[PDB]
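Here is the file target_9.pdb (PDB, C-alpha atoms and all ligand atoms).
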ATOM      1  CA  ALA A   1       8.310   6.884  19.829
ATOM      2  CA  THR A   2       7.683   9.175  22.775
ATOM      3  CA  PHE A   3       5.197  12.042  22.638
ATOM      4  CA  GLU A   4       5.047  14.603  25.446
ATOM      5  CA  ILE A   5       1.645  16.324  25.483
ATOM      6  CA  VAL A   6       1.677  19.656  27.350
ATOM      7  CA  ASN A   7      -1.358  21.810  28.181
ATOM      8  CA  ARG A   8      -0.183  25.395  28.287
ATOM      9  CA  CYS A   9      -3.770  26.663  28.115
ATOM     10  CA  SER A  10      -5.259  28.476  31.098
ATOM     11  CA  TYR A  11      -8.141  25.985  31.014
ATOM     12  CA  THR A  12      -8.324  22.233  31.366
ATOM     13  CA  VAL A  13      -8.329  20.118  28.270
ATOM     14  CA  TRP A  14      -8.836  16.421  27.922
ATOM     15  CA  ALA A  15      -6.171  15.129  25.542
ATOM     16  CA  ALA A  16      -6.828  12.251  23.182
ATOM     17  CA  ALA A  17      -4.674   9.960  21.074
ATOM     18  CA  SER A  18      -6.027   7.346  18.682
ATOM     19  CA  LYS A  19      -5.381   5.805  15.314
ATOM     20  CA  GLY A  20      -9.062   5.495  14.428
ATOM     21  CA  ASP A  21      -9.676   1.864  15.368
ATOM     22  CA  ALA A  22      -7.679   1.823  18.581
ATOM     23  CA  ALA A  23      -6.349   3.995  21.403
ATOM     24  CA  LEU A  24      -2.764   5.104  21.297
ATOM     25  CA  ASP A  25      -1.350   4.354  24.818
ATOM     26  CA  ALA A  26      -4.157   5.073  27.309
ATOM     27  CA  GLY A  27      -6.145   6.974  24.654
ATOM     28  CA  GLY A  28      -7.016  10.048  26.737
ATOM     29  CA  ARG A  29      -6.405  11.971  29.922
ATOM     30  CA  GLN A  30      -7.348  15.121  31.759
ATOM     31  CA  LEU A  31      -4.660  17.803  31.599
ATOM     32  CA  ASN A  32      -5.072  20.768  33.904
ATOM     33  CA  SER A  33      -3.258  24.005  33.020
ATOM     34  CA  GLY A  34       0.453  23.188  32.879
ATOM     35  CA  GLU A  35       0.265  19.399  33.158
ATOM     36  CA  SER A  36       2.265  17.150  30.805
ATOM     37  CA  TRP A  37       1.446  13.607  29.747
ATOM     38  CA  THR A  38       4.032  11.344  28.219
ATOM     39  CA  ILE A  39       2.825   8.590  25.950
ATOM     40  CA  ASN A  40       4.465   5.821  23.953
ATOM     41  CA  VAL A  41       3.414   5.156  20.393
ATOM     42  CA  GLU A  42       4.475   1.910  18.770
ATOM     43  CA  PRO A  43       6.873   2.290  15.819
ATOM     44  CA  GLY A  44       5.199   1.816  12.482
ATOM     45  CA  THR A  45       1.992   3.523  13.608
ATOM     46  CA  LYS A  46       0.178   4.888  10.550
ATOM     47  CA  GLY A  47      -2.611   7.464  10.773
ATOM     48  CA  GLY A  48      -2.152   8.472  14.439
ATOM     49  CA  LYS A  49      -3.820  11.631  15.692
ATOM     50  CA  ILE A  50      -3.595  13.686  18.845
ATOM     51  CA  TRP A  51      -6.156  16.366  19.759
ATOM     52  CA  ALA A  52      -7.647  18.268  22.676
ATOM     53  CA  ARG A  53     -11.222  18.117  23.899
ATOM     54  CA  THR A  54     -12.910  20.967  25.793
ATOM     55  CA  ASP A  55     -15.699  21.152  28.382
ATOM     56  CA  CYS A  56     -15.922  17.490  29.199
ATOM     57  CA  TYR A  57     -17.843  15.708  31.997
ATOM     58  CA  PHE A  58     -16.943  12.130  32.832
ATOM     59  CA  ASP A  59     -18.323   9.867  35.536
ATOM     60  CA  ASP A  60     -16.211   7.433  37.568
ATOM     61  CA  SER A  61     -16.349   4.782  34.818
ATOM     62  CA  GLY A  62     -14.699   7.116  32.169
ATOM     63  CA  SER A  63     -17.970   7.754  30.398
ATOM     64  CA  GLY A  64     -19.504  11.159  29.569
ATOM     65  CA  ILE A  65     -19.451  14.011  26.996
ATOM     66  CA  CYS A  66     -17.233  16.859  25.640
ATOM     67  CA  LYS A  67     -18.348  19.933  23.732
ATOM     68  CA  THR A  68     -15.474  19.597  21.239
ATOM     69  CA  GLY A  69     -13.663  16.489  20.092
ATOM     70  CA  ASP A  70     -15.841  13.866  21.812
ATOM     71  CA  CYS A  71     -14.916  10.262  20.859
ATOM     72  CA  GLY A  72     -18.234   8.517  21.448
ATOM     73  CA  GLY A  73     -18.553   9.490  25.088
ATOM     74  CA  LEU A  74     -15.302   7.975  26.389
ATOM     75  CA  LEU A  75     -12.398   9.390  28.383
ATOM     76  CA  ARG A  76     -10.026   6.887  26.760
ATOM     77  CA  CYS A  77     -10.540   7.411  23.063
ATOM     78  CA  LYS A  78     -10.546   4.440  20.666
ATOM     79  CA  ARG A  79     -11.897   6.405  17.753
ATOM     80  CA  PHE A  80     -11.435   9.885  16.383
ATOM     81  CA  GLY A  81     -13.320  12.817  17.808
ATOM     82  CA  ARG A  82     -16.220  14.879  16.664
ATOM     83  CA  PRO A  83     -15.273  18.173  14.960
ATOM     84  CA  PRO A  84     -14.253  20.789  15.580
ATOM     85  CA  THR A  85     -10.766  19.541  16.414
ATOM     86  CA  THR A  86      -7.376  20.952  15.621
ATOM     87  CA  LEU A  87      -5.378  17.825  14.671
ATOM     88  CA  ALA A  88      -1.784  16.698  15.196
ATOM     89  CA  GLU A  89      -1.336  13.913  12.624
ATOM     90  CA  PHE A  90       1.489  11.474  12.159
ATOM     91  CA  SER A  91       2.721   8.328  10.502
ATOM     92  CA  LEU A  92       5.867   6.794  11.895
ATOM     93  CA  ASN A  93       8.649   4.679  10.343
ATOM     94  CA  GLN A  94       7.321   4.686   6.790
ATOM     95  CA  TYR A  95      10.271   3.780   4.631
ATOM     96  CA  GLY A  96      12.705   5.114   7.192
ATOM     97  CA  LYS A  97      10.911   8.426   7.858
ATOM     98  CA  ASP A  98       8.323  10.045  10.131
ATOM     99  CA  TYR A  99       5.658  12.303   8.577
ATOM    100  CA  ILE A 100       3.937  14.936  10.724
ATOM    101  CA  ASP A 101       1.403  17.724  10.087
ATOM    102  CA  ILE A 102      -1.205  19.899  11.627
ATOM    103  CA  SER A 103      -4.627  19.871  10.001
ATOM    104  CA  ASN A 104      -7.671  22.179  10.163
ATOM    105  CA  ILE A 105      -9.635  19.884   7.827
ATOM    106  CA  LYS A 106     -11.896  18.943  10.742
ATOM    107  CA  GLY A 107     -11.979  22.510  12.079
ATOM    108  CA  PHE A 108     -10.171  24.125  14.978
ATOM    109  CA  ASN A 109     -10.816  24.157  18.691
ATOM    110  CA  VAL A 110      -7.510  24.804  20.462
ATOM    111  CA  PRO A 111      -4.225  26.267  19.213
ATOM    112  CA  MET A 112      -1.336  23.923  18.924
ATOM    113  CA  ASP A 113       2.374  23.492  18.305
ATOM    114  CA  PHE A 114       3.647  20.093  17.039
ATOM    115  CA  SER A 115       7.484  19.844  17.267
ATOM    116  CA  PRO A 116      10.217  17.208  17.375
ATOM    117  CA  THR A 117      12.238  17.006  20.554
ATOM    118  CA  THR A 118      14.996  15.148  18.671
ATOM    119  CA  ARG A 119      17.242  16.354  15.839
ATOM    120  CA  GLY A 120      16.627  16.649  12.135
ATOM    121  CA  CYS A 121      13.463  18.570  11.223
ATOM    122  CA  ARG A 122      11.328  21.589  12.194
ATOM    123  CA  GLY A 123       7.897  21.763  13.884
ATOM    124  CA  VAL A 124       4.653  23.252  12.702
ATOM    125  CA  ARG A 125       2.169  25.403  14.514
ATOM    126  CA  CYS A 126      -1.323  26.861  14.276
ATOM    127  CA  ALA A 127      -1.744  29.402  17.064
ATOM    128  CA  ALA A 128      -3.908  32.188  15.648
ATOM    129  CA  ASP A 129      -7.222  33.164  17.113
ATOM    130  CA  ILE A 130      -9.281  31.090  14.719
ATOM    131  CA  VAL A 131     -12.210  30.868  17.090
ATOM    132  CA  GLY A 132     -12.313  34.675  17.569
ATOM    133  CA  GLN A 133     -12.294  35.365  13.842
ATOM    134  CA  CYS A 134     -14.470  32.400  12.811
ATOM    135  CA  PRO A 135     -17.045  33.113  10.081
ATOM    136  CA  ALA A 136     -20.506  33.112  11.545
ATOM    137  CA  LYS A 137     -21.747  30.077   9.632
ATOM    138  CA  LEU A 138     -18.832  27.995  10.852
ATOM    139  CA  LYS A 139     -19.061  28.855  14.581
ATOM    140  CA  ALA A 140     -19.777  25.807  16.723
ATOM    141  CA  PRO A 141     -22.357  25.562  19.549
ATOM    142  CA  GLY A 142     -19.673  24.562  22.055
ATOM    143  CA  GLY A 143     -16.701  26.806  21.193
ATOM    144  CA  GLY A 144     -14.594  26.219  18.126
ATOM    145  CA  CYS A 145     -14.762  26.765  14.408
ATOM    146  CA  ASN A 146     -16.023  23.985  12.142
ATOM    147  CA  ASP A 147     -14.701  23.172   8.695
ATOM    148  CA  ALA A 148     -17.134  23.693   5.790
ATOM    149  CA  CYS A 149     -17.482  19.941   5.074
ATOM    150  CA  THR A 150     -18.816  19.233   8.560
ATOM    151  CA  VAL A 151     -21.248  22.122   8.276
ATOM    152  CA  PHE A 152     -22.514  21.930   4.667
ATOM    153  CA  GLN A 153     -21.911  18.321   3.529
ATOM    154  CA  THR A 154     -21.205  19.154  -0.131
ATOM    155  CA  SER A 155     -18.981  17.387  -2.642
ATOM    156  CA  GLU A 156     -16.874  20.509  -3.070
ATOM    157  CA  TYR A 157     -16.206  21.110   0.656
ATOM    158  CA  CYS A 158     -15.723  17.409   1.434
ATOM    159  CA  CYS A 159     -13.789  16.698  -1.746
ATOM    160  CA  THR A 160     -15.787  13.531  -2.329
ATOM    161  CA  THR A 161     -15.018  13.223  -6.080
ATOM    162  CA  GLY A 162     -11.330  13.631  -5.387
ATOM    163  CA  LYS A 163     -11.472  16.831  -7.437
ATOM    164  CA  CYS A 164     -12.022  20.032  -5.494
ATOM    165  CA  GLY A 165     -10.555  23.499  -5.102
ATOM    166  CA  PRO A 166     -10.000  25.917  -2.279
ATOM    167  CA  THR A 167     -13.033  27.774  -1.011
ATOM    168  CA  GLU A 168     -13.857  30.942   0.821
ATOM    169  CA  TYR A 169     -13.987  28.868   4.012
ATOM    170  CA  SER A 170     -10.776  26.954   3.244
ATOM    171  CA  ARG A 171      -8.950  30.222   2.619
ATOM    172  CA  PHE A 172      -9.963  31.570   5.998
ATOM    173  CA  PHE A 173      -8.148  28.738   7.791
ATOM    174  CA  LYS A 174      -5.215  28.944   5.387
ATOM    175  CA  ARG A 175      -4.816  32.679   5.878
ATOM    176  CA  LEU A 176      -4.653  32.411   9.690
ATOM    177  CA  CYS A 177      -2.585  29.140   9.697
ATOM    178  CA  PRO A 178      -0.633  28.677   6.478
ATOM    179  CA  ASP A 179       1.261  25.714   7.963
ATOM    180  CA  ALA A 180      -1.835  23.595   8.524
ATOM    181  CA  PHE A 181      -3.909  21.666   5.972
ATOM    182  CA  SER A 182      -6.952  23.792   5.122
ATOM    183  CA  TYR A 183      -8.763  21.319   2.806
ATOM    184  CA  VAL A 184      -8.261  17.779   1.511
ATOM    185  CA  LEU A 185      -6.287  18.716  -1.630
ATOM    186  CA  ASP A 186      -4.371  21.562  -0.009
ATOM    187  CA  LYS A 187      -0.706  21.734  -1.073
ATOM    188  CA  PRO A 188       0.931  19.528   1.622
ATOM    189  CA  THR A 189       2.480  21.114   4.701
ATOM    190  CA  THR A 190       3.713  17.743   5.835
ATOM    191  CA  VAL A 191       7.083  17.693   7.528
ATOM    192  CA  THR A 192       9.518  14.830   7.093
ATOM    193  CA  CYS A 193      11.560  13.787  10.094
ATOM    194  CA  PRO A 194      13.957  10.919  10.723
ATOM    195  CA  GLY A 195      12.395   7.573  11.520
ATOM    196  CA  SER A 196      11.833   7.102  15.259
ATOM    197  CA  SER A 197      12.002  10.792  16.224
ATOM    198  CA  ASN A 198      10.301  11.974  19.450
ATOM    199  CA  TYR A 199       7.791  14.784  19.713
ATOM    200  CA  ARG A 200       6.057  17.339  21.872
ATOM    201  CA  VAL A 201       2.515  18.496  21.336
ATOM    202  CA  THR A 202       1.761  21.783  23.058
ATOM    203  CA  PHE A 203      -1.760  23.184  23.446
ATOM    204  CA  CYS A 204      -1.890  27.042  23.614
ATOM    205  CA  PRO A 205       1.818  27.360  22.732
ATOM    206  CA  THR A 206       1.950  31.138  23.082
ATOM    207  CA  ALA A 207       1.716  32.395  26.709
TER     208      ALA A 207
HETATM  209  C1  LIG B 301     -22.049  29.769  18.441
HETATM  210  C2  LIG B 301     -22.676  30.162  17.123
HETATM  211  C3  LIG B 301     -22.887  31.527  16.882
HETATM  212  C4  LIG B 301     -23.454  31.971  15.685
HETATM  213  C5  LIG B 301     -23.829  31.056  14.697
HETATM  214  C6  LIG B 301     -23.609  29.601  14.947
HETATM  215  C7  LIG B 301     -23.036  29.190  16.164
HETATM  216  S1  LIG B 301     -24.093  28.562  13.691
HETATM  217  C8  LIG B 301     -24.606  30.012  12.842
HETATM  218  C9  LIG B 301     -25.179  29.724  11.490
HETATM  219  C10 LIG B 301     -24.817  28.567  10.789
HETATM  220  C11 LIG B 301     -25.334  28.314   9.511
HETATM  221  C12 LIG B 301     -26.231  29.217   8.919
HETATM  222  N1  LIG B 301     -26.759  28.984   7.623
HETATM  223  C13 LIG B 301     -26.236  27.917   6.776
HETATM  224  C14 LIG B 301     -27.822  29.835   7.087
HETATM  225  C15 LIG B 301     -26.587  30.378   9.626
HETATM  226  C16 LIG B 301     -26.065  30.627  10.897
HETATM  227  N2  LIG B 301     -24.394  31.206  13.475
HETATM  228  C17 LIG B 301     -24.748  32.538  12.909
END

Please express the file's structure as structure tokens.
Amino acid sequence: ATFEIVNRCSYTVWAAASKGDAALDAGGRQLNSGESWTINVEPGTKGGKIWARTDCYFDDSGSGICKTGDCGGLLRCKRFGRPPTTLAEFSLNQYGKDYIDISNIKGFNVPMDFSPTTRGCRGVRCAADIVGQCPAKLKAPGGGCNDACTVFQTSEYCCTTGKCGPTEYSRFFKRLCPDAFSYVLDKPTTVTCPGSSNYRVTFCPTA
């Protein structure tokens, strides 16, 4: 499938795409305000994620650091990034269907729209000012709003026993972005699309 990744933010982001144990396409790229990056993701990919990273510094060998979403110091991500990271998540061609969602389970750094560019389903979006409204205990040192699991490392926030409920922190994310996962057992906001659809991920969709 084809994913177009568009930075509509007024600031530069460094996009990333990975399935956890491997890069998706090149794995990462600088996107200045307005730039688009088209990647190809192999059909059948399960557990793919796309995210933005902010305030990065890379040397000429693609090595460095980002204040949000860093994937072990690399420009071309092979692994997932450090929270906080708004997440576009997807699994393609699973029994004839694509599954997409946005998740705030690992916090939020940049607003995002995740939409098909082919027929047959709707997109999802989380574009509220989560960073502006972020509870004080969840604010990150480098911009962004962490999830409660990352900050407090409890069974209830991280849902480690597989039994857990919504929380005060959970409900904050859910209230600003009802279409995104707010905690591990949140009622799914997954969207089902036809197998082999194509997609656009837009950072800072409203502008
Ligand atoms: C950027 C920024 C701004 C404020 C801010 C943070 C980061 S992190 C933080 C904080 C986090 C945890 C706690 N406790 C668990 C007691 C108390 C305060 N504040 C208040």

Legend entry - Residues selected by the PyMOL selection byres (((not hetatm)) within 7 of (chain B and resi 301)), written as a VMD selection string: chain A and resid 136 to 143

Inset, instruction - Take the point (-1.9, 23.6, 9.0) as written in the file and pick out every residue within 7 Å of it, counting only C-alpha atoms; give the list as a ChimeraX atom specification. - result: /A:101-104,126,177-182,189

Inset, instruction - Can you turn the PyMOL selection byres (((chain A and resi 53) around 6) and not hetatm) into a concrete residue list for this file, as a list in words? - result: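 Here the PyMOL selection byres (((chain A and resi 53) around 6) and not hetatm) matches residues 13, 14, 52, 54, 68 and 69 of chain A.
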
Legend entry - Counting all atoms listed in the file, the option among A:62, A:120, A:84, A:48 closest to residue 191 of chain A: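 Of the candidates, the smallest distance to residue 191 of chain A is held by A:120.
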
Could you work out an axis-aligned box for segment 185-191 of chain A, taking every atom the file lists and adding 6 Å on each side, and report centre and edge lengths in Å to one decimal, as AutoDock Vina command-line options?
--center_x 0.4 --center_y 19.7 --center_z 2.9 --size_x 25.4 --size_y 16.0 --size_z 21.2

Legend entry - Pick from A:85, A:78, A:49, A:157, whichever lies nearest to residue 3 of chain A using only C-alpha atoms: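 Smallest separation from residue 3 of chain A among the options: A:49.
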
Inset, instruction - Name the residues in contact with segment 109-119 of chain A at a cut-off of 9 Å, using all atoms listed in the file, excluding same-chain residues fewer than 2 positions from it; report them as a VMD selection string. - result: chain A and resid 3 9 51 to 54 68 to 69 83 to 88 100 to 102 107 121 to 131 143 to 146 193 to 194 197 to 206

Inset, instruction - Measuring atom to atom with only C-alpha atoms, identify which of A:72, A:20, A:162, A:43 is nearest to residue 196 of chain A. - result: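 That would be A:43, the residue with the smallest distance to residue 196 of chain A.
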
Hey, what's within 8 Å of residue 33 of chain A if we count all atoms listed in the file and toss same-chain stuff fewer than 3 positions away? As a PDB file with C-alpha atoms, keeping the file's coordinate frame, please?
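Output file selection21.pdb is given in full below:
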ATOM      1  CA  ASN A   7      -1.358  21.810  28.181  1.00  0.00           C
ATOM      2  CA  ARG A   8      -0.183  25.395  28.287  1.00  0.00           C
ATOM      3  CA  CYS A   9      -3.770  26.663  28.115  1.00  0.00           C
ATOM      4  CA  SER A  10      -5.259  28.476  31.098  1.00  0.00           C
ATOM      5  CA  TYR A  11      -8.141  25.985  31.014  1.00  0.00           C
ATOM      6  CA  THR A  12      -8.324  22.233  31.366  1.00  0.00           C
ATOM      7  CA  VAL A  13      -8.329  20.118  28.270  1.00  0.00           C
TER       8      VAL A  13
END

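You will find atom CA of residue 44 of chain A at 20.5 Å from atom CA of residue 28 of chain A.
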
Inset, instruction - Determine, counting only C-alpha atoms, which protein, DNA and RNA residues have an atom within 8 Å of an atom of residue 57 of chain A; residues of the same chain fewer than 3 positions away are not included. Present the result as a list in words. - result: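 Within the cut-off, the hits are residues 64, 65 and 66 of chain A.
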
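Going from atom CA of residue 71 of chain A to atom CA of residue 105 of chain A covers 17.0 Å.
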
Legend entry - Explicit residue set for the PyMOL selection byres (((chain A and resi 21-23) around 8) and not hetatm), as a ChimeraX atom specification: /A:17-20,24-27,76-79

Inset, instruction - Quote the spacing between atom CA of residue 159 of chain A and atom CA of residue 173 of chain A in Å to one decimal place. - result: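 Those two atoms sit 16.4 Å apart.
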
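Comparing A:106, A:165, A:59, A:75 by their smallest distance to residue 150 of chain A, the closest is A:106 (using all atoms listed in the file).
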
Could you write segment 97-118 of chain A of the block just shown to a file containing N, CA, C and O atoms, as a PDB file, in the first residue's frame?
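Everything below was put into selection02.pdb:
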ATOM      1  N   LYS A  97      -9.071  -7.398   4.913  1.00  0.00           N
ATOM      2  CA  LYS A  97      -9.337  -6.039   5.365  1.00  0.00           C
ATOM      3  C   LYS A  97      -8.094  -5.339   5.917  1.00  0.00           C
ATOM      4  O   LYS A  97      -7.129  -5.988   6.318  1.00  0.00           O
ATOM      5  N   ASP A  98      -8.125  -4.010   5.856  1.00  0.00           N
ATOM      6  CA  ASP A  98      -7.174  -3.135   6.538  1.00  0.00           C
ATOM      7  C   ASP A  98      -7.838  -2.618   7.824  1.00  0.00           C
ATOM      8  O   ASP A  98      -9.049  -2.322   7.840  1.00  0.00           O
ATOM      9  N   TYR A  99      -7.051  -2.544   8.895  1.00  0.00           N
ATOM     10  CA  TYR A  99      -7.483  -1.949  10.159  1.00  0.00           C
ATOM     11  C   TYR A  99      -6.595  -0.760  10.479  1.00  0.00           C
ATOM     12  O   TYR A  99      -5.378  -0.913  10.541  1.00  0.00           O
ATOM     13  N   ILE A 100      -7.201   0.409  10.667  1.00  0.00           N
ATOM     14  CA  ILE A 100      -6.462   1.606  11.070  1.00  0.00           C
ATOM     15  C   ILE A 100      -7.032   2.265  12.338  1.00  0.00           C
ATOM     16  O   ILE A 100      -8.212   2.143  12.640  1.00  0.00           O
ATOM     17  N   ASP A 101      -6.161   2.922  13.100  1.00  0.00           N
ATOM     18  CA  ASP A 101      -6.595   3.741  14.235  1.00  0.00           C
ATOM     19  C   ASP A 101      -5.563   4.822  14.521  1.00  0.00           C
ATOM     20  O   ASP A 101      -4.433   4.779  14.056  1.00  0.00           O
ATOM     21  N   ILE A 102      -6.002   5.794  15.297  1.00  0.00           N
ATOM     22  CA  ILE A 102      -5.120   6.664  16.017  1.00  0.00           C
ATOM     23  C   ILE A 102      -5.162   6.305  17.504  1.00  0.00           C
ATOM     24  O   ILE A 102      -6.216   5.952  18.061  1.00  0.00           O
ATOM     25  N   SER A 103      -3.989   6.359  18.127  1.00  0.00           N
ATOM     26  CA  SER A 103      -3.832   6.051  19.527  1.00  0.00           C
ATOM     27  C   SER A 103      -3.101   7.158  20.276  1.00  0.00           C
ATOM     28  O   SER A 103      -2.083   7.649  19.807  1.00  0.00           O
ATOM     29  N   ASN A 104      -3.624   7.499  21.457  1.00  0.00           N
ATOM     30  CA  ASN A 104      -2.935   8.321  22.471  1.00  0.00           C
ATOM     31  C   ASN A 104      -2.391   7.506  23.658  1.00  0.00           C
ATOM     32  O   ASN A 104      -2.048   8.055  24.727  1.00  0.00           O
ATOM     33  N   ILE A 105      -2.303   6.201  23.480  1.00  0.00           N
ATOM     34  CA  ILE A 105      -1.857   5.315  24.564  1.00  0.00           C
ATOM     35  C   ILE A 105      -0.418   5.595  24.950  1.00  0.00           C
ATOM     36  O   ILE A 105      -0.011   5.312  26.077  1.00  0.00           O
ATOM     37  N   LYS A 106       0.360   6.150  24.026  1.00  0.00           N
ATOM     38  CA  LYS A 106       1.752   6.502  24.310  1.00  0.00           C
ATOM     39  C   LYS A 106       1.886   8.005  24.309  1.00  0.00           C
ATOM     40  O   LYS A 106       2.952   8.538  23.966  1.00  0.00           O
ATOM     41  N   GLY A 107       0.802   8.697  24.676  1.00  0.00           N
ATOM     42  CA  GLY A 107       0.780  10.161  24.739  1.00  0.00           C
ATOM     43  C   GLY A 107       0.546  10.849  23.408  1.00  0.00           C
ATOM     44  O   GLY A 107       0.218  10.229  22.408  1.00  0.00           O
ATOM     45  N   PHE A 108       0.790  12.138  23.384  1.00  0.00           N
ATOM     46  CA  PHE A 108       0.469  12.966  22.226  1.00  0.00           C
ATOM     47  C   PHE A 108       1.571  13.975  22.067  1.00  0.00           C
ATOM     48  O   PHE A 108       1.978  14.601  23.027  1.00  0.00           O
ATOM     49  N   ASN A 109       2.032  14.166  20.868  1.00  0.00           N
ATOM     50  CA  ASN A 109       3.003  15.233  20.601  1.00  0.00           C
ATOM     51  C   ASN A 109       2.543  16.176  19.511  1.00  0.00           C
ATOM     52  O   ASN A 109       2.662  17.372  19.657  1.00  0.00           O
ATOM     53  N   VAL A 110       1.948  15.649  18.439  1.00  0.00           N
ATOM     54  CA  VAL A 110       1.563  16.441  17.293  1.00  0.00           C
ATOM     55  C   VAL A 110       0.150  16.000  16.870  1.00  0.00           C
ATOM     56  O   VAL A 110      -0.140  14.804  16.908  1.00  0.00           O
ATOM     57  N   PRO A 111      -0.711  16.949  16.442  1.00  0.00           N
ATOM     58  CA  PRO A 111      -2.011  16.542  15.986  1.00  0.00           C
ATOM     59  C   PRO A 111      -1.931  15.896  14.617  1.00  0.00           C
ATOM     60  O   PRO A 111      -0.943  16.084  13.848  1.00  0.00           O
ATOM     61  N   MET A 112      -2.964  15.123  14.308  1.00  0.00           N
ATOM     62  CA  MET A 112      -2.863  14.185  13.221  1.00  0.00           C
ATOM     63  C   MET A 112      -4.221  13.766  12.667  1.00  0.00           C
ATOM     64  O   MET A 112      -5.158  13.521  13.417  1.00  0.00           O
ATOM     65  N   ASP A 113      -4.291  13.682  11.337  1.00  0.00           N
ATOM     66  CA  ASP A 113      -5.397  13.085  10.632  1.00  0.00           C
ATOM     67  C   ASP A 113      -4.879  11.836   9.881  1.00  0.00           C
ATOM     68  O   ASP A 113      -3.795  11.853   9.287  1.00  0.00           O
ATOM     69  N   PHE A 114      -5.618  10.733   9.973  1.00  0.00           N
ATOM     70  CA  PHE A 114      -5.237   9.479   9.314  1.00  0.00           C
ATOM     71  C   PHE A 114      -6.430   9.013   8.462  1.00  0.00           C
ATOM     72  O   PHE A 114      -7.399   8.505   9.003  1.00  0.00           O
ATOM     73  N   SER A 115      -6.348   9.224   7.148  1.00  0.00           N
ATOM     74  CA  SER A 115      -7.456   9.008   6.202  1.00  0.00           C
ATOM     75  C   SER A 115      -7.082   8.152   4.980  1.00  0.00           C
ATOM     76  O   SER A 115      -5.975   8.219   4.458  1.00  0.00           O
ATOM     77  N   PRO A 116      -8.035   7.362   4.499  1.00  0.00           N
ATOM     78  CA  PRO A 116      -7.833   6.665   3.236  1.00  0.00           C
ATOM     79  C   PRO A 116      -7.917   7.641   2.082  1.00  0.00           C
ATOM     80  O   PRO A 116      -8.654   8.627   2.143  1.00  0.00           O
ATOM     81  N   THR A 117      -7.130   7.385   1.057  1.00  0.00           N
ATOM     82  CA  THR A 117      -7.207   8.150  -0.175  1.00  0.00           C
ATOM     83  C   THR A 117      -7.861   7.309  -1.231  1.00  0.00           C
ATOM     84  O   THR A 117      -7.865   7.698  -2.340  1.00  0.00           O
ATOM     85  N   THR A 118      -8.365   6.130  -0.876  1.00  0.00           N
ATOM     86  CA  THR A 118      -9.136   5.264  -1.774  1.00  0.00           C
ATOM     87  C   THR A 118     -10.511   5.080  -1.143  1.00  0.00           C
ATOM     88  O   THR A 118     -10.736   5.462   0.003  1.00  0.00           O
TER      89      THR A 118
END
